[PDB]
Amino acid sequence: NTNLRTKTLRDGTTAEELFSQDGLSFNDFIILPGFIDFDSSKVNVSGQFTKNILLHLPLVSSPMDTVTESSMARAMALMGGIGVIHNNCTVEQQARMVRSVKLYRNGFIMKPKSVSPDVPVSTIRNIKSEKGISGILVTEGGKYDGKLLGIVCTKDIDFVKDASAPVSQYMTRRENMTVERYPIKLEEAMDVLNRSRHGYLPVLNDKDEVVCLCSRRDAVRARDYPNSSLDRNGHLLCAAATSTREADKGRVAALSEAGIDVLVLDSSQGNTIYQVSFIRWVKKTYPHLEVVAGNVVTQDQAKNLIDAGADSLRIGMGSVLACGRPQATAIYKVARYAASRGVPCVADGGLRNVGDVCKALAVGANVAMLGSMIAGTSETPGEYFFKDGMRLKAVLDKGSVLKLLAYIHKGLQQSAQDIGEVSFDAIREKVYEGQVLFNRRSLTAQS
Amino acid sequence: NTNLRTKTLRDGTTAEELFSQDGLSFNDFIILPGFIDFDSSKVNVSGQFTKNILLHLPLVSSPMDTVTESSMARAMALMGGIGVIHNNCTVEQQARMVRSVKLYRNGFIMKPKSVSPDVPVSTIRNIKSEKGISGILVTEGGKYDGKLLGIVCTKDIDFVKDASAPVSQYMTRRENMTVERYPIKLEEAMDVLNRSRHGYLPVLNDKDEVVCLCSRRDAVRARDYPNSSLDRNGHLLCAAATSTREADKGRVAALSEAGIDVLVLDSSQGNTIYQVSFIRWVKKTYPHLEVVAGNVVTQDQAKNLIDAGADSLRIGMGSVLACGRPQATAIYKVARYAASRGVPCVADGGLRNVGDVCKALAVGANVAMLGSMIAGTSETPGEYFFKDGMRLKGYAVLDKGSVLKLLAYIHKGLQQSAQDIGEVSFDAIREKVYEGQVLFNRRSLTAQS
Amino acid sequence: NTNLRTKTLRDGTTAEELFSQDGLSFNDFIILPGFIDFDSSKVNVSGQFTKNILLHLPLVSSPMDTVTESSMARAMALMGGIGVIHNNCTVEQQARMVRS
Ligand SMILES: Nc1ncnc2c1ncn2[C@@H]1O[C@H](COP(=O)(O)OP(=O)(O)OP(=O)(O)O)[C@@H](O)[C@H]1O
Ligand SMILES: Nc1ncnc2c1ncn2[C@@H]1O[C@H](COP(=O)(O)OP(=O)(O)OP(=O)(O)O)[C@@H](O)[C@H]1O
Ligand SMILES: Nc1nc2c(ncn2[C@@H]2O[C@H](COP(=O)(O)OP(=O)(O)O)[C@@H](O)[C@H]2O)c(=O)[nH]1
Ligand SMILES: Nc1nc2c(ncn2[C@@H]2O[C@H](COP(=O)(O)OP(=O)(O)O)[C@@H](O)[C@H]2O)c(=O)[nH]1
């Protein structure tokens, strides 16, 4: 239906004209509708977080100590986005959070949590309550590669009152265990696990030592979250923030060991000599890492940071107070310039509802960073408390971040539908082409 | 430490003097502190819901269609309180909600949900998704008492791609199942279940027909909720509301069949001839049922409804109609009169924070009814939605999260208040209030800032 | 680092264009960021109060009778600025404040 979808009258204003005068926020303009011949279910909202990482869900959790720790990053990656673990912590704590995110979901679990036979049941209960993993292997000397002696699961210890008893008293013992022998393809191993009606399947060598471990929970997670952002080994994608000082070099190394796939530079004004040097050093020393430089708001800053070797750009400054730029103009300008050079952009700031996120993605941003919009969800750091009959964490309880991410997803889909394009890549292309049009709204026209 | 706890100077105002003038609400007065020689954890907040039903947690969910359905009543019963299933529904819907509450927790599971071998996996998934029960028995002709053929659990069908496949293809077959033979004591059966590391244990006769079923989930529910309000058969307590018209008689019967333990009469002004007749008829026809009459706010009304045979009274009227009464005065007066006659009372209305609940319990109410305070928790009826960057509930209110966390918060608050007052139980607080050893101070309008 | 500091794309609006239309207050505009290769400690904020007087601190206390007398002028001069003693007084009082 290209004859019906193609605008020839072009009654409206193109992005280039809209952003050619004064700096705009998202309320200053609206997107005009197009032609619909599809359901909102079929809309692809995906966007590039970096040159090589495509997110099924163009949403990134902001690296604030009040928003993104291991739990938030896990939720984001599971729903098809990603989270940036904040850097307001020691290097070891940040690496531990990254490791939690990366080893939450696996195919073969290579370093399965293991204990020695004399460990008390209390310790396994602590592991399950704190780290949330069951099917703890009991091996010679507790080494994750030692001889397999048994396994401890939920129903093996849920009835015992003496929490100091050794696991050897209640574990399922090796002689009675369904196991597999190295080597084995993940497909066959997991189908065997399914047929076995058990929750775990260790994989051992010829010496009965633990090679790895398969978990039914990973299969069920794959079934319940088919769009999770994953690496090539089946782990959830994870990003981590860092400043560009010389000390932070150490930090970077640690994160690289923990397995981050994206490094995000933390700066209000990223067009500095220190950030340029840092990006060069990161791309040289850890080529496998992708770097999101920023923050920037003008095309000059973007030119410098892209020349340095940035894989993506963080847009935002102001969304004492004498330096910055209205956020919608910043996004349009920087994202257009960066796209001309093949670099996607992240919108960071002033994104307070679904209409704003949609506008920010339409005017050039590939993905959007969420801070306030997801603050107070169950997955954020912090403790809940009651006050005035409201439950707060301060901000009000917004429940699960997963339900909110699904809400934002449906909102973006319906908006793209009304605009008349079945994907946001198409929306951005047609915006640059002048086939998706806008209207600036007078101040009165805003209600 | 009776020398230190016993007030002889008695610097303060007794409840009788406090409520002797104009009608008061809860902000008009404060409770004076006493003597502390115990930690707040050791405080017993329990109160009588009726002549025969004691609640470890003196909280009742209000029978409003926006507050109490099966899920809320279950949560309340589990935390040591109770819920009243609302009556803004058909008799069949109310009985179904009551059944949901009553059969959630069991010892021996009677009439275990079972299916025939040709049933598709889709049906088992539907059972798990709607009603929330696993371990479906597969029997001769699907009869809950037929010959046992197998069992279908979570891990038996979580991997299957053809939801139309028969359960017999993936069920665990009877020859491989750990089972027990009638008769068996629940204690031995549950220890067997524990040792077996399985989730379910059927109990069969000599013909391999299903007699009953034990669920490990019940053991874990008992472990995680040790204070659950239970009847004598191990089921959660459940209450249900009804009006006092002639038609509602039918309703009562149905609810009685569903297994309610308390009937609650719904009326803004319960001192009527219709309610008196209804209470007489209920106590006559269903002696096993306990009735909470109301609503009332004066000792006249309380006399009539207790003479009718009420086992408890709901206090509250007004918390444009010109008739009602300030809630704290109403509670004190009616609860004092009813206690003189051996009947506990429920405070219903104007309860908006924990201090008000503590005050209402101290001045005579045995338990407190919560409506607004718990509306918008996850367990209430209604659908969640996002609006203006806020999570709300609709058929609007703000999301308060889990009602369980809220109930625990109220529990800790009541305990700390009782500690500051200097008594280790709320029965003690009520007794000492009537005795003049727990004292109050009326607050001037200025003193409330 | 002149290659990195020098704007060639010039994505933004020059002062001449900004002030070419209607009269603006300070909230009507914002300054765009540039390139950083130094610490804020090294920034020179000095400005000429007059053709021959350079102030290390480009701040002047207003000559209002509620703001600037001898003490304020002293504080300003000491911190690198200057103060203007108000003229809502006799000549002798103003001269005495100046002398102080
Ligand atoms: N490979 C195995 N061989 C034999 N028995 C096993 C094996 N793995 C687990 N078990 C036993 O079966 C039961 C495991 O159930 P499961 O793995 O589903 O527990 P979980 O992962 O902790 O979560 P949940 O049981 O609540 O679904 C336990 O009794 C355990 O001892
Ligand atoms: N009495 C029994 N005898 C033999 N097998 C049983 C018995 N009860 C349950 N099973 C089987 O145990 C295996 C694992 O149980 P499954 O995890 O699927 O459900 P569950 O025991 O209720 O625990 P959960 O649903 O939390 O995982 C299933 O194949 C189930 O059919
Ligand atoms: N037994 C078991 N181990 C898991 C599972 N999932 C992940 N693991 C592993 O458990 C380990 C937990 O981290 P660990 O190094 O033991 O603790 P830390 O030193 O405090 O970080 C990780 O190495 C994970 O790979 C599971 O489902 N079962
Ligand atoms: N298989 C199984 N049945 C249960 C369990 N818990 C309760 N039940 C029984 O399952 C039945 C629920 O289905 P049912 O009431 O017969 O259907 P309804 O008439 O439409 O409400 C009840 O008889 C419960 O007693 C459980 O854990 N497993």
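Note that ligands are numbered from 1 as they come in the structure, with each ligand's atoms numbered from 1 the same way. Just so it is clear, the values below take in all heavy atoms, side chains as well, and ignore hydrogens, waters and symmetry mates. Here is how names work: the chains are called A, B, and so on, in the same order as the sequence lines, proteins then strands, and each is numbered from 1.
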Do [X] side-chain atoms and [Y] backbone N/O form a donor-acceptor pair below 3.5 Å?
X: B:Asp231; Y: B:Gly234; result: yes
X: B:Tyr200; Y: B:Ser134; result: yes
X: B:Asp261; Y: B:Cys238; result: yes
X: B:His235; Y: B:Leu103; result: no
X: B:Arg173; Y: B:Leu149; result: no
X: A:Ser61; Y: A:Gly83; result: no

For ligand 3, which atoms sit closer than 4.0 Å to a heavy atom of [X]?
X: A:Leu213; answer: 1 (N), 2 (C), 28 (N)
X: A:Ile133; answer: 10 (O)
X: A:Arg96; answer: 18 (P), 20 (O)
X: A:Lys111; answer: 9 (C), 10 (O), 11 (C), 22 (C), 23 (O), 24 (C), 25 (O)

request  = Answer yes or no for A:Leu201: is there a heavy-atom contact with ligand 1 below 4.0 Å?
outcome  =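 So A:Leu201 does not count as touching ligand 1.
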
Close approach, A:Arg217 and ligand 1, non-hydrogen under 4.0 angstrom =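 A:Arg217 counts as a contact of ligand 1 under the 4.0 Å cut-off.
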
What protein heavy atom sits nearest [atom], and how far away is it?
atom: atom 25 (O) of ligand 4; answer: B:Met110 O, 3.3 Å
atom: atom 20 (P) of ligand 1; answer: A:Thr154 OG1, 3.4 Å
atom: atom 6 (C) of ligand 1; answer: A:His198 ND1, 3.2 Å
atom: atom 3 (N) of ligand 1; answer: A:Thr178 N, 3.1 Å
atom: atom 15 (O) of ligand 1; answer: B:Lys155 NZ, 3.2 Å

inquiry  = Quick check: A:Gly199 and ligand 1, any N/O pair under 3.5 Å apart?
reply    =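 Yes - when backbone and side-chain N and O of A:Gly199 are compared with those of ligand 1, one distance drops under 3.5 Å.
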
ask   = Looking at ligand 1, does any of its N/O atoms fall within less than 3.5 Å of an N/O of A:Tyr200?
value =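 Yes.
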
query = Quick check: are there more than 12 heavy atoms from other residues, nucleotides or ligands sitting under 6.0 Å from CD of A:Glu130?
reply =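 For A:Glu130, atom CD is not crowded (no more than 12 foreign heavy atoms under 6.0 Å).
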
message = Counting only heavy atoms not in B:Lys128 (residues, nucleotides, ligands), do more than 12 fall under 6.0 Å from its NZ?
response =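 Counting neighbours around NZ of B:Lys128, more than 12 heavy atoms of other residues, nucleotides or ligands fall under 6.0 Å, so yes.
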
task = Kindly identify the option in A:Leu103, A:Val152, A:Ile109, A:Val138 whose heavy atom sits closest to atom 4 (C) of ligand 3.
result =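 Nearest heavy atom to atom 4 (C) of ligand 3 lies in A:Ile109.
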
request  = Please work out which of A:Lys131, A:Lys113, A:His235, A:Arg217 has its closest non-hydrogen atom nearest to atom 17 (O) of ligand 3.
outcome  =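 Minimum heavy-atom distance to atom 17 (O) of ligand 3 goes to A:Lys131.
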
task = Please say whether A:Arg99 places an N or O atom under 3.5 Å from an N or O atom belonging to ligand 3.
result =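 Yes, A:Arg99 has an N/O under 3.5 Å of an N/O on ligand 3.
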
message = Geometry only, no angles: is A:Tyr104 polar-contacting ligand 3 at N/O separations under 3.5 Å?
response =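 No, since none of the N or O atoms of A:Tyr104 sits under 3.5 Å from an N or O of ligand 3.
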
Tell me whether [X] is salt-bridged to [Y], with the criterion being a basic N under 4.0 Å from an acidic carboxylate O.
X: B:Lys111; Y: B:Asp145; value: no
X: A:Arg181; Y: A:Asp206; value: no
X: A:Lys185; Y: A:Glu187; value: no
X: A:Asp218; Y: A:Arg221; value: yes

ask   = Side chain or backbone of A:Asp156 under 4.0 Å from ligand 1, or both, or neither, by non-hydrogen atoms?
value =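 Answer for A:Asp156: side chain.
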
task = Could you see which bit of A:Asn176 sits under 4.0 Å from ligand 1, with heavy atoms only: side chain, backbone, both or neither?
result =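 Just the backbone.
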
ask   = Does ligand 3 have any atom sitting under 4.0 Å from a heavy atom of A:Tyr200?
value =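 Yes, that is the case, since the closest heavy atom of the residue is under 4.0 Å from the ligand.
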
key: Numbered atoms of ligand 4 (with element) below 4.0 Å of B:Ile136, judged on heavy atoms   =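 Matching atoms, with element in brackets: 1 (N).
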
query = Going by atom types only, do B:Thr172 and B:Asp156 share a side-chain donor-acceptor pair under 3.5 Å?
reply =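 Yes, side-chain donor-acceptor contact under 3.5 Å.
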
inquiry  = Under 3.5 Å between any N/O of B:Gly135 and any N/O of ligand 4: does that happen in this structure?
reply    =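 It does: an N or O of B:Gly135 is found under 3.5 Å from an N or O of ligand 4.
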
request  = Mark whether atom 13 (C) of ligand 1 lies under 4.0 angstrom from at least one protein heavy atom.
outcome  =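 Flag for atom 13 (C) of ligand 1 set to false, no protein heavy atom closer than 4.0 Å.
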
ask   = Where on B:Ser134 is there a heavy atom closer than 4.0 Å to ligand 4, on the side chain, on the backbone, on both, or on neither?
value =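 Only the backbone of B:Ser134 comes within reach of ligand 4.
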
request  = Evaluate the side-chain proximity of B:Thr139 to B:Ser114: yes if any heavy-atom separation is below 4.5 Å, no if none is.
outcome  =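 Yes; the side chains approach each other to less than 4.5 Å.
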
